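Just the one chain here, laid out as structure tokens, in the form deposited in one PDB entry.
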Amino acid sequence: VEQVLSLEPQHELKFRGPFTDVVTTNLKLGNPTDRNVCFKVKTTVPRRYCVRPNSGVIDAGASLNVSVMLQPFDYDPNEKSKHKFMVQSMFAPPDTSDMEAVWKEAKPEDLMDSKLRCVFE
């Protein structure tokens, strides 16, 4: 199922040092359609990043800049990959603003997944 959002970057999030401090990089999500689109940002290491906003609605025709903040470290050595992100999107149903139940209700063909890899430079 094709991602209707535009992503910039679309494949790799690049984080430049120093890695003793937070490193913020941008993820721009653009909605070229005539419908509002809900989105969620997920990662394999949620304790290592602060992502703002991490979910929400992008109105028809609008873009949103998501701040992805790599923290210096966390206390979770049992986190598998520190390096994978995913943007999940779905159209907002017309008469709906309780996004939580929408996501639960969603059929797999209604969910659009875009994966990204983090690279530390």
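A residue's number is simply how far along the shown sequence it sits, counting from 1. The term rigid core refers to the most C-alpha atoms you can superpose between the two forms while keeping them within 1.5 Å. Residues that one form lacks are left out of the comparison.
Q: Quick one: say whether 97 to 105 or 9 to 17 has the higher mean Cα B-factor in the deposited entry.
A: Result of the comparison: 97 to 105.
Q: Give the stretch, out of 30 to 38 and 73 to 81, with the larger mean C-alpha temperature factor in the deposited entry.
A: The stretch with the larger mean CA B-factor is 73 to 81.
Q: Ranking the modelled residues of this chain by C-alpha B-factor as given in the entry, is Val22 in the lowest, middle or highest third?
A: For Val22, whose C-alpha B-factor we compare with every modelled residue in the chain, the answer is the middle third.
Just so it is clear, the following notes concern the form deposited in another entry, a form of the same protein that is not shown.
Q: Superposed on the rigid core, does the Cα of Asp76 end up 2 angstroms or more away between this form and the one not shown?
A: Passes the 2 Å threshold, so yes.
Q: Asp74 to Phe39, Cα distance in the other entry relative to here: closer or farther, by 3 Å or more?
A: Relative to the shown form, the pair is farther apart.
Q: Once you compare with this form, do the C-alpha atoms of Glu79 and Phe85 lie closer or farther in the other entry, given a change of 3 Å or more?
A: Farther, not closer.
Q: Only counting residues present in both forms, give the runs of 3 or more in a row whose C-alpha shift is 2 Å or more between this form and the one not shown, core aligned.
A: Moving stretches, in sequence order: 73 to 82, 107 to 109.
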